[PDB]
Amino acid sequence: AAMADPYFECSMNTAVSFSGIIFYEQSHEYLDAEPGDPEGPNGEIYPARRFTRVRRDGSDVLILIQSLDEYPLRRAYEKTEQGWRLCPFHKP
């Protein structure tokens, strides 16, 4: 037996679950992009939501979830040092 549990992984092994994102979408709509948000590969501007997450070590991180037509139809970034950094998608 396996259990589906896809996730996006930010630094410090900070996982944002794909399943939790789907639940969130049922009750919150994506909002207009804010200036400086990552664009698409041909300059597309994507709707998104952003939120704060407390990490295992007690620090906080700002996470951006964009809605787009690329599989798996969401992508995630964390605000860094120094600009946005991708939180790659993983399917265990």
# chains A, B, ... in the order shown; residues from 1 in each chain; ligands from 1
$ residues_around --residues "stretch 29-39 of chain A" --least-positions-apart "5" --cutoff "6 Å" --atoms "only C-alpha atoms" --output "PyMOL selection string"
chain A and resi 44-49
$ select_by_dssp --residues "chain A" --states "helix (DSSP H, G or I)" --output "list in words"
residues 18, 19, 20, 21, 22, 23, 24, 25, 26 and 27 of chain A
$ closest_residue --among "A:15, A:89, A:25, A:51" --to "residue A:71" --atoms "only C-alpha atoms"
A:89
$ atom_distance --atom1 "atom CA of residue A:53" --atom2 "atom CA of residue A:14"
8.8 Å
$ closest_residue --among "A:84, A:43, A:74, A:79" --to "residue A:7" --atoms "only C-alpha atoms"
A:74
$ closest_residue --among "A:26, A:82, A:90, A:10" --to "residue A:64" --atoms "only C-alpha atoms"
A:10
$ residues_around --residues "residue A:86" --least-positions-apart "5" --cutoff "7 Å" --atoms "only C-alpha atoms" --output "PyMOL selection string"
chain A and resi 76-78
$ closest_residue --among "A:63, A:68, A:22, A:73" --to "residue A:41" --atoms "only C-alpha atoms"
A:68
$ select_by_dssp --residues "chain A" --states "strand (DSSP E or B)" --output "number ranges by chain"
A: 7-10, 14-17, 31, 48-54, 60-67, 74-80, 83-86, 89-90
$ write_last_selection --atoms "N, CA, C and O atoms" --output "short mmCIF file (atom, residue, chain, number, x, y, z; two decimals), in the first residue's frame"
data_model
loop_
_atom_site.label_atom_id
_atom_site.label_comp_id
_atom_site.auth_asym_id
_atom_site.auth_seq_id
_atom_site.Cartn_x
_atom_site.Cartn_y
_atom_site.Cartn_z
N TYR A 7 3.39 17.39 -1.96
CA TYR A 7 3.70 18.57 -1.17
C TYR A 7 4.69 19.45 -1.90
O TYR A 7 5.39 19.01 -2.81
N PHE A 8 4.74 20.70 -1.48
CA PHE A 8 5.77 21.62 -1.90
C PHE A 8 6.74 21.80 -0.74
O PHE A 8 6.32 21.87 0.42
N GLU A 9 8.01 21.72 -1.01
CA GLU A 9 9.01 21.81 0.05
C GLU A 9 9.83 23.09 -0.01
O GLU A 9 10.64 23.28 -0.92
N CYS A 10 9.64 23.95 0.99
CA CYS A 10 10.48 25.10 1.21
C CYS A 10 11.69 24.76 2.08
O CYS A 10 11.84 23.63 2.56
N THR A 14 10.49 22.53 5.09
CA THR A 14 9.19 23.10 5.46
C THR A 14 8.18 22.75 4.37
O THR A 14 8.13 23.40 3.31
N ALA A 15 7.36 21.74 4.63
CA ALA A 15 6.46 21.15 3.62
C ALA A 15 5.10 21.83 3.66
O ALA A 15 4.59 22.13 4.74
N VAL A 16 4.59 22.20 2.49
CA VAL A 16 3.23 22.73 2.36
C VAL A 16 2.44 21.68 1.62
O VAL A 16 2.78 21.34 0.47
N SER A 17 1.42 21.10 2.26
CA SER A 17 0.78 19.94 1.61
C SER A 17 -0.16 20.37 0.49
O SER A 17 -0.86 21.36 0.58
N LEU A 31 -6.37 35.69 -5.15
CA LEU A 31 -6.48 37.15 -5.25
C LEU A 31 -5.55 37.65 -6.34
O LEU A 31 -4.67 36.91 -6.80
N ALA A 48 -3.01 34.58 -6.81
CA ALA A 48 -2.20 33.93 -5.78
C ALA A 48 -2.77 34.23 -4.42
O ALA A 48 -3.59 35.13 -4.25
N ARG A 49 -2.30 33.48 -3.44
CA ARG A 49 -2.54 33.80 -2.04
C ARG A 49 -1.20 33.72 -1.32
O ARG A 49 -0.32 32.94 -1.72
N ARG A 50 -1.04 34.49 -0.25
CA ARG A 50 0.20 34.42 0.51
C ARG A 50 -0.12 34.28 1.99
O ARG A 50 -1.17 34.76 2.48
N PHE A 51 0.77 33.62 2.70
CA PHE A 51 0.56 33.46 4.13
C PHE A 51 1.85 33.23 4.90
O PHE A 51 2.90 32.91 4.34
N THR A 52 1.75 33.35 6.21
CA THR A 52 2.90 33.13 7.07
C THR A 52 2.82 31.73 7.67
O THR A 52 1.73 31.25 8.04
N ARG A 53 3.96 31.06 7.70
CA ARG A 53 4.12 29.75 8.32
C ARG A 53 5.21 29.78 9.37
O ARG A 53 6.31 30.26 9.09
N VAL A 54 4.95 29.20 10.54
CA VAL A 54 5.98 29.02 11.55
C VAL A 54 6.71 27.70 11.29
O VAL A 54 6.08 26.64 11.11
N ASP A 60 9.68 32.21 11.24
CA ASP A 60 8.54 32.44 10.36
C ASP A 60 9.02 32.57 8.93
O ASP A 60 10.10 33.10 8.67
N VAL A 61 8.18 32.14 8.00
CA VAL A 61 8.44 32.34 6.57
C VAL A 61 7.16 32.77 5.84
O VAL A 61 6.05 32.35 6.17
N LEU A 62 7.33 33.63 4.84
CA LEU A 62 6.21 34.02 3.98
C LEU A 62 6.19 33.14 2.74
O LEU A 62 7.19 33.06 2.02
N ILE A 63 5.05 32.48 2.49
CA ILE A 63 4.86 31.51 1.41
C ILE A 63 3.79 32.05 0.46
O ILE A 63 2.74 32.53 0.89
N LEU A 64 4.08 32.00 -0.83
CA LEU A 64 3.21 32.43 -1.91
C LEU A 64 2.74 31.20 -2.67
O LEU A 64 3.57 30.40 -3.09
N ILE A 65 1.43 31.06 -2.85
CA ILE A 65 0.86 29.99 -3.66
C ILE A 65 0.21 30.64 -4.87
O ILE A 65 -0.74 31.42 -4.72
N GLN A 66 0.71 30.33 -6.06
CA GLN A 66 0.12 30.84 -7.30
C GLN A 66 -0.73 29.76 -7.96
O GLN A 66 -0.39 28.57 -7.92
N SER A 67 -1.82 30.20 -8.59
CA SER A 67 -2.72 29.37 -9.38
C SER A 67 -2.38 29.56 -10.85
O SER A 67 -2.49 30.68 -11.37
N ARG A 74 -0.78 24.54 -9.27
CA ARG A 74 -0.36 25.48 -8.25
C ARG A 74 1.16 25.43 -8.25
O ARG A 74 1.75 24.39 -8.55
N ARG A 75 1.79 26.53 -7.85
CA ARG A 75 3.20 26.48 -7.54
C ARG A 75 3.48 27.37 -6.34
O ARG A 75 2.70 28.26 -6.01
N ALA A 76 4.58 27.11 -5.67
CA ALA A 76 4.84 27.76 -4.39
C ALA A 76 6.21 28.38 -4.35
O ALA A 76 7.18 27.82 -4.89
N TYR A 77 6.29 29.53 -3.68
CA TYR A 77 7.54 30.25 -3.45
C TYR A 77 7.64 30.64 -1.99
O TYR A 77 6.63 30.83 -1.34
N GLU A 78 8.86 30.80 -1.50
CA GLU A 78 9.07 31.41 -0.20
C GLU A 78 9.83 32.72 -0.38
O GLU A 78 10.67 32.82 -1.27
N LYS A 79 9.53 33.71 0.45
CA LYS A 79 10.21 35.00 0.35
C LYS A 79 11.54 34.93 1.07
O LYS A 79 11.60 34.57 2.24
N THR A 80 12.58 35.31 0.38
CA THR A 80 13.91 35.05 0.80
C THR A 80 14.65 36.29 0.61
O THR A 80 14.03 37.44 0.48
N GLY A 83 14.64 37.86 -2.37
CA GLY A 83 13.70 37.61 -3.45
C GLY A 83 12.99 36.25 -3.32
O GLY A 83 13.20 35.49 -2.38
N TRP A 84 12.18 35.94 -4.31
CA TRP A 84 11.39 34.73 -4.22
C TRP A 84 12.22 33.50 -4.55
O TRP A 84 13.04 33.53 -5.47
N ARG A 85 12.00 32.41 -3.82
CA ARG A 85 12.66 31.14 -4.08
C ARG A 85 11.65 30.01 -4.24
O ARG A 85 10.79 29.85 -3.37
N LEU A 86 11.75 29.23 -5.35
CA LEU A 86 10.81 28.13 -5.57
C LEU A 86 10.87 27.10 -4.46
O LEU A 86 11.94 26.77 -3.95
N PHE A 89 7.86 20.95 -6.02
CA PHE A 89 6.84 19.96 -5.86
C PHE A 89 7.41 18.55 -5.80
O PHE A 89 8.28 18.17 -6.58
N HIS A 90 6.85 17.76 -4.88
CA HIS A 90 7.23 16.38 -4.66
C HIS A 90 6.00 15.50 -4.47
O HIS A 90 5.02 15.87 -3.79
#
$ residues_around --residues "residue A:91" --least-positions-apart "5" --cutoff "8 Å" --atoms "only C-alpha atoms" --output "list in words"
residues 4, 5, 6 and 7 of chain A
$ write_last_selection --atoms "C-alpha atoms" --output "PDB file, in the first residue's frame"
ATOM      1  CA  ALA A   4      -0.870   9.866  -1.981  1.00  0.00           C
ATOM      2  CA  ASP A   5       0.547  12.910  -0.208  1.00  0.00           C
ATOM      3  CA  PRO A   6       2.026  15.495  -2.608  1.00  0.00           C
ATOM      4  CA  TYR A   7       3.695  18.567  -1.173  1.00  0.00           C
TER       5      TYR A   7
END
